[PDB]
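[1] before the rest arrives, take these chains from my complex:
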Amino acid sequence: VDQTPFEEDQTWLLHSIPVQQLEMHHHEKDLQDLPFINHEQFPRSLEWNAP
Amino acid sequence: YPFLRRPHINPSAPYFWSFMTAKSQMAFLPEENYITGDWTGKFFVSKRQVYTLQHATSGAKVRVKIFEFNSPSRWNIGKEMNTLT
Amino acid sequence: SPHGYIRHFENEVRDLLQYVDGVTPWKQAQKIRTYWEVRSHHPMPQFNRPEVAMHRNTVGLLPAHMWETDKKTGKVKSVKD
Amino acid sequence: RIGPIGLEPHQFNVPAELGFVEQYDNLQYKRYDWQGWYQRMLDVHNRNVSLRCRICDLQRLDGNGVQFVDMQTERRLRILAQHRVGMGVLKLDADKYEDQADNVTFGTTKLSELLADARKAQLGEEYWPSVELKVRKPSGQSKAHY
Amino acid sequence: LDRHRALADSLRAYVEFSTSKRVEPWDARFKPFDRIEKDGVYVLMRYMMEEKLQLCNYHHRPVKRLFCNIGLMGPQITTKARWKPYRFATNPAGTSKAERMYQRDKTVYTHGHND
Amino acid sequence: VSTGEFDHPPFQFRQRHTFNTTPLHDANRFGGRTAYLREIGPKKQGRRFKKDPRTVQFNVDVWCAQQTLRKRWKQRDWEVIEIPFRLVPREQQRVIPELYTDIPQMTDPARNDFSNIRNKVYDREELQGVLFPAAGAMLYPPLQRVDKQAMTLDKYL
Amino acid sequence: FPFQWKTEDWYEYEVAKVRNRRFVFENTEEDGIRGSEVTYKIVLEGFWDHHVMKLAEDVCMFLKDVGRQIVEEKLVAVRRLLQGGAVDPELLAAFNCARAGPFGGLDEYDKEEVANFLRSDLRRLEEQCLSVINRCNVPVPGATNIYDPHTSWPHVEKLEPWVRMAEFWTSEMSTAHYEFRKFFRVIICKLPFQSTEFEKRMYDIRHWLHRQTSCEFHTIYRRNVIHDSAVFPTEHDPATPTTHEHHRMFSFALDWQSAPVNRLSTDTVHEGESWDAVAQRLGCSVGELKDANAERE
């Protein structure tokens, strides 16, 4: 039993969905600390295409 | 300063089990509520040990870094030592 | 040697689970309890949170015999040990 | 062109590309007592092996005379490899092991497993993948009879 | 000795808050709730949603969820009609005063969840 | 192109309900979804997240994604039925690539049908022989299509 | 004209163009500068943009004279292979390997047809070795454009520099903005054959590079892959199918074996079994069973 994505605004609003409270996490962007302590191991170019 | 990254880290009735406590009840007690290995005895226990039934039942010594818990009761059972002080 | 994510460690997870089941007795693993198993000894272990189902809290949920209340104000005036 | 060649009728020859990175330092980490772990870091960071194959190269005749990848085989390969197929080229980036030899072994194994799963469309029509049609709701002319 | 009875008193105040009846959380000034009690929404609350509103004790979240699930006047009701604020819908049934928001006991620590 | 609000207003002095100025947490903003994040007064874990910019920006991004999802799903007058390859019409007898795999494929450039196959929607009344072989009673009526060559009011007759 | 489109097609175009960035087949069997057999990319990095630009003139002139000498060594061999040669019996056995051909049954190629398939491939080597040699004789120092693939071999392709700025105090007084930066030129060498003599000469560029200027190497070569239909067979679905419960968390280690599955290549003959009865039980032909067991009569 599953639910479809809603079509009205009041069902999205009144649904008990918690908000973000603590620090958010990403599974690959947690080695890099924050966008201000964006860590780079090697100085490869941002347009570097892997062969 | 970044959000909630300070290295040096309250009564509430509807948020009793959910404020400065574990999110789920399925999870087990932390590491300080159990004996890891061979110990000579600790001078004080950590602040994250959950007050269990045997804390108020036996009552040998409760030393929290100080703090002396000599008044045992059952309203503290299920809660860590942070909100008890 | 695998590298990166834990999904690439197939044999290492198997060897770790086999070693953990090998060294650990069951008479030690009985003593570890969950949070609700400790909270069951509290006089009021269960109540609804005010986010979803706050109206479903009933008057039978209180441990009213474990305290002494005031008759005029209605507040709790004493607690039982 | 290196690689083994299969002459048995149960061995198909796939001409495929392999992309990989070689990197050796020559300025500061050329030699000293750090040189070992820095070279290992450069090698394990360059552990990616990109194995690429055109689907048009897979549409040849096998050793038994039947075509290797037909239309329904191509559809099942496109559905089983969703984002790994792009612009008519099946590409697999093997990053699992630290060495590139074990990575190209794992990539060859995964390519053969994907090909063996996609070849099931030649067994029958019950392995042909279903076409997903966006069938409309009943129209207003049909809803007028409600 | 005082913290245990204070926590017990706060939990008792929270449960008696959860039990007692509230005022109507909708604003009677804004449409569709502005209409007379003999026509419109107050008809449909009288014959279909009467026991459902009487059982939930007129808290704003179950009343708004029952108005969402009743379907015969959504989805425009919970968005277009203005509702009373969170501290104003907190007030108990039959208040008829704005001082009653500040008349309640503040010694408990229910975070605004007492009568 | 859309002219709705996406970003959150920044943090500054406490605004007042004046001309060209709304308070930072108002019930008019974001459908009142700032009611979760507001403080009515003019515990640190419940007070610090209401003032963080990344937290409130992530929350309004989630709410705008919910609005985009409900408006994309309210557009749907169809549903996806898994139909076998034999009974499908001639435009779908080809190798259809996955989403974001190839160039957006035209339907039929030879038959002068230049449109995306992924946006094609087929009528239910034309597939009753495929979707309903077990009924045999023609559950949906045939679609009446107008005669384009008939002299009607549109052609001054 | 003018360009007006649906927004859903524009949303689908812009995601498909970025996800298919490196979905490219470099070594294709084709004409000039697009088509090749191996592709070498030498990514040079240095601290100054004129340092990498002057290095990319030093390496491209080096790989032009070396690469012309190697392709001339291959062109002098291809023109001997086109004058005449004897067909390899292992090459002839590779064409007559399939059971059924395109025309039904065994397609028996003779030494005329197999040498015809070898001649038509060596004619492509001459048209592709002359394409590299003619582009190695063009860049005179009077008129040199090493950034164009139609003009010079090898050509240099631009790459975006890596730039990373730092925001730090100069004291709470002021903020300084200094940026680390290094610049990149890549060199694309497309050869229509695999040469280890060139790969050896390409790897030793690292020993005479410029000051504080390093490099990394990319190699995209063609390699034959065998899909064995006996190690990885195409079989029916099982009677009891798999469900989502076989794909739980930690079902990658406790539910599934690694590919491939071990299938037994040895069996034991039972009591009343014959040559036609074992082959029925193993699902093979009787003559195919005796060929695997030619020791036992």
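    Perfect, thanks for sending it. Residues are numbered from 1 along each chain as shown, chains lettered A, B, ... in the order given.

[2] what about the nearest residue to residue D:120 once chain neighbours are set aside, distance to chain E?
    Among residues not flanking residue D:120 along the chain, residue D:127 sits closest, at 4.4 Å (CB to CB, 6 or more residues apart in numbering or on different chains). Any C-beta I mention is one placed from the backbone N, CA and C, and that applies to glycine too. Between residue D:127 and chain E the distance is 44 Å, computed by CB to the nearest CB, to the nearest Å.

[3] do residue A:7 as well
    9 Å.

[4] look up how far residue D:40 lies from residue G:214.
    17 Å (CB to CB, to the nearest Å).

[5] one more: residue G:252?
    Residue G:252 is 27 Å from residue D:40, by CB to CB.

[6] quick one on the thing from earlier: tell me which of residue G:214 and residue D:40 has more neighbours.
    residue G:214 (20 against 11; other CB atoms under 10 Å in any protein chain shown).

[7] show me what the more buried one is bridged to.
    residue G:45 (DSSP bridges).

[8] that one touches residue D:29, doesn't it?
    No - if you go by CB atoms under 8 Å, residue G:214 and residue D:29 don't touch, sitting 9.3 Å apart.

[9] tell me how far residue F:6 lies from chain E.
    Distance from residue F:6 to chain E, by CB to the nearest CB: 20 Å.

[10] scratch that, residue C:74
    Taking CB to the nearest CB, one finds residue C:74 at 8 Å from chain E.

[11] that residue: neighbour count?
    12.

[12] residues from the stretch 1-150 of chain G in reach of chain D?
    G:19-20, G:22-27, G:37, G:93-94, G:97-102, G:104 (CB under 8 Å from any CB of the partner chain).

[13] check chain C too.
    Checking chain C against chain D by CB under 8 Å from any CB, the hits are C:1-4, C:8.

[14] which among the residues you listed end up buried?
    C:2-3 (16 or more other CB atoms under 10 Å in any protein chain shown).

[15] ok, which pair from the residues of chain C next to chain D is furthest apart?
    By the measure CB to CB, those have their two most distant members at C:1 and C:4, which lie 10.9 Å apart.

[16] quick one: residues in contact with stretch D:129-146.
    D:72, D:75-76, D:79, D:121, F:77-85, F:88, F:92, F:96, F:120-125, F:127, F:131, F:140-141, F:143-144 (CB atoms under 8 Å, 6 or more residues apart in numbering or on different chains).

[17] how about stretch G:2-22?
    A:49-50, D:50, D:83, D:86-87, D:91, F:99-104, F:116, F:118-119.

[18] then stretch A:17-28?
    With CB under 8 Å, 6+ apart, stretch A:17-28 has contacts from B:3-5, C:51, F:36-37, F:45-46, F:49, F:54-55, F:58-59, F:62.

[19] chain H should join the structure above:
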Amino acid sequence: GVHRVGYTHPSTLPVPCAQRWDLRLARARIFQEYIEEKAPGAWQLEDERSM
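    With chain H added, the chains above now look like this:
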């Protein structure tokens, strides 16, 4: 709305064809894909800042 997700075997259809769920199961067998049971169908939210 709230519904139960259906499955039709190819032996039940008048014309048999490979479904998409067993193709998903085959893809999860090949690439060792974790299938989350408690993933709700209503929560399909794209990262619209990037997409």
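
[20] same as before for the neighbour count of residue C:74, with chain H this time.
    By the criterion of other CB under 10 Å, residue C:74 has 12 neighbours.

[21] over to the one 4 residues further on?
    The local packing of residue C:78 (other CB under 10 Å) involves 12 other residues.

[22] helix/strand/coil for it?
    strand (DSSP: H, G, I helix; E, B strand; the rest coil).

[23] helices of chain D, residue ranges please.
    Along chain D, counting by DSSP state H, helices occupy D:35-45, D:71-80, D:100-118, D:140-143.

[24] can you redo those as TSV with distance to residue F:17?
    Below are those laid out as TSV (distance: least, CB to CB, whole Å):
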stretch	distance to residue F:17
helix D:35-45	57
helix D:71-80	57
helix D:100-118	62
helix D:140-143	47
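
[25] how far away is the residue nearest to residue E:77 when sequence neighbours are not counted from chain H?
    Nearest in space to residue E:77, with sequence neighbours left out and distances taken as CB to CB, 6+ apart, is residue E:67 at 5.5 Å. Distance, residue E:67 to chain H, using CB to the nearest CB: 17 Å.

[26] hmm, who's touching the strand or helix carrying residue E:67?
    Assigned by DSSP states H and E, residue E:67 belongs to helix E:60-69. With CB under 8 Å, 6+ apart as the contact definition, helix E:60-69 has outside contacts at A:10-11, A:14, C:52, C:54-55, E:22, E:25-26, E:49, E:52-53, E:56, E:73-75, E:77-78, E:83-84, E:86, E:89.

[27] please repeat the previous calculation with a cut-off of 7 Å.
    Helix E:60-69 is contacted from outside by A:10-11, A:14, C:55, E:25, E:49, E:52-53, E:56, E:74, E:77-78, E:83, E:89, using CB atoms under 7 Å, 6 or more residues apart in numbering or on different chains.

[28] got the buried residues for it?
    Buried residues in helix E:60-69 (16+ other CB under 10 Å): E:60-68.

[29] quick one: which of those residues is nearest chain B?
    Chain B lies nearest to residue E:61 out of the buried residues of helix E:60-69, by CB to the nearest CB, at 13.3 Å.

[30] ok, now which residue in chain G is the farthest from the centroid?
    residue G:173 (56.0 Å; CA atoms, centre = their mean).

[31] ok so that residue is a strand residue?
    No - Residue G:173: not assigned to a strand; according to three-state DSSP it is coil.

[32] contacts only, for it.
    So residue G:173 contacts nothing (CB under 7 Å, 6+ apart).

[33] any buried residues in stretch F:33-42, and which?
    F:33-35, F:37-38.

[34] again, but for stretch A:6-22
    A:6-14, A:20.

[35] kindly report the same for stretch D:100-118.
    Applying 16+ other CB under 10 Å to stretch D:100-118 flags D:100, D:102-104, D:106-118 as buried.

[36] and chain I on top of that:
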Amino acid sequence: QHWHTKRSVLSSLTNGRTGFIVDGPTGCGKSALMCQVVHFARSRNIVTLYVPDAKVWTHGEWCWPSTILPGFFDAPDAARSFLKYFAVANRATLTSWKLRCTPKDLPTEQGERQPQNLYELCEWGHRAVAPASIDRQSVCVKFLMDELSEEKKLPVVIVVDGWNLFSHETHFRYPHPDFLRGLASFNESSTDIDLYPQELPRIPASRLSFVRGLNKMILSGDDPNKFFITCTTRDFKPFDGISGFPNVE
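    Adding chain I to what we have so far:
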């Protein structure tokens, strides 16, 4: 206006259909042409049905189930306004409209006359005290659509602004069955109407008694008398791939 003489001409005009539907982009002369043809029809003394906005029926304030039609629904306020305004528009011909299939034992308060005309029927319907008008409009719309379907000699032009809202689902949804089932308490009754919202299947327009009578006149071929000169509306909100929140000012 004289259809029985030019019946083959009107059949050739509509290509045998019951009427015309006018479509185009938004902001064209659709509703303006609907008011123009209502002017043309009522200036020539023809009985004219005018729904000036279909979004008061389908996208209305509230939905109520039909009193005498099982499984059908009603928009009560739009029906009261329609039964008022159509009666005061066509009083000239509705007073001469004799009731053919109408019961004469209608519920009637003290001092009120039983309706003998169709104008008297709509005056019985819309002129009432709340909440008796809520069921009086249902009975009046049912018997008005019944009385319309029997007249085969008087031409009745029916003009609807926004027929595309009468051809798909009205924005009301069906109520949750726990509302009608009955509850003792909320804690142990296996229900979630107070905990979580959910979207039930949406009510189509054919389940409204007004559009039921309209589709009954449309689909049944025994009515060569009703000319449906209607149009569509494209008044909907824009959506171009993304959507933030609408600024309220």
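
[37] try the contacts of stretch D:129-146 again now we have chain I.
    D:75-76, D:79, F:77-85, F:88, F:92, F:120-125, F:127, F:140-141, F:143-144, H:17-20, H:23, I:167-168, I:204, I:206, I:215, I:218-219.

[38] interface residues of chain I facing chain G?
    Residues of chain I lying near chain G by CB under 7 Å from any CB of the partner chain: I:240-241.

[39] for chain I, which residue is closest to the average position?
    Short answer for chain I (CA atoms, centre = their mean): residue I:210, at 3.6 Å.

[40] how close does that one sit to residue G:151?
    On the measure of CB to CB, residue I:210 and residue G:151 end up 78 Å apart.

[41] what's the answer for residue D:35, then?
    On the measure of CB to CB, residue D:35 and residue G:151 end up 40 Å apart.

[42] how about the longest helix along chain E and chain B, touching?
    Longest helix of chain E, by residue count under DSSP H: helix E:2-19. Yes - contact of helix E:2-19 with chain B (CB under 7 Å from any CB) involves E:4, E:6-7, E:10-11, E:13-14.

[43] show me where the stretch 1-150 of chain G has its helices.
    Along the stretch 1-150 of chain G, counting by DSSP state H, counting those that start in this stretch, helices occupy G:7-19, G:49-83, G:89-95, G:111-134.

[44] can you list the neighbours in contact with the third one?
    For helix G:89-95, contacts defined as CB under 7 Å, 6+ apart pick out D:5, D:7, G:109, G:111, G:114.

[45] tell me the buried residues in it?
    For helix G:89-95, a neighbour-count test (16+ other CB under 10 Å) marks G:92, G:94-95 as buried.

[46] out of those residues, which comes closest to residue F:15?
    Closest to residue F:15, out of all of the buried residues of helix G:89-95 and judged by CB to CB, is residue G:94, at 81.1 Å.

[47] now that closest one: how far from residue I:37?
    To residue I:37, residue G:94 is 82 Å away according to CB to CB.

[48] now the phi/psi pair for residue C:42, please.
    phi -70, psi 150 (degrees, to the nearest 10).

[49] contacting residues around it?
    Each residue near residue C:42 by CB under 7 Å, 6+ apart is listed here: B:74, B:77-78.

[50] tell me which of those residues is nearest to chain D?
    Closest to chain D, out of all of those and judged by CB to the nearest CB, is residue B:78, at 44.3 Å.

[51] so which bits of chain B are right by chain G?
    Counting by CB under 7 Å from any CB, no residue of chain B sits close to chain G.

[52] for chain G, what's the nearest residue on chain B?
    residue B:1 (13.4 Å).

[53] for that residue, helix, strand, or coil?
    Quick answer, by three-state DSSP: residue B:1 is coil.

[54] let's have the residues of helix E:2-19 next to chain B in CSV, adding neighbour count.
    Shown next, in CSV, are the residues of helix E:2-19 next to chain B (neighbours: other CB atoms under 10 Å in any protein chain shown):
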residue, neighbour count
E:4, 19
E:6, 18
E:7, 22
E:10, 23
E:11, 26
E:13, 23
E:14, 27
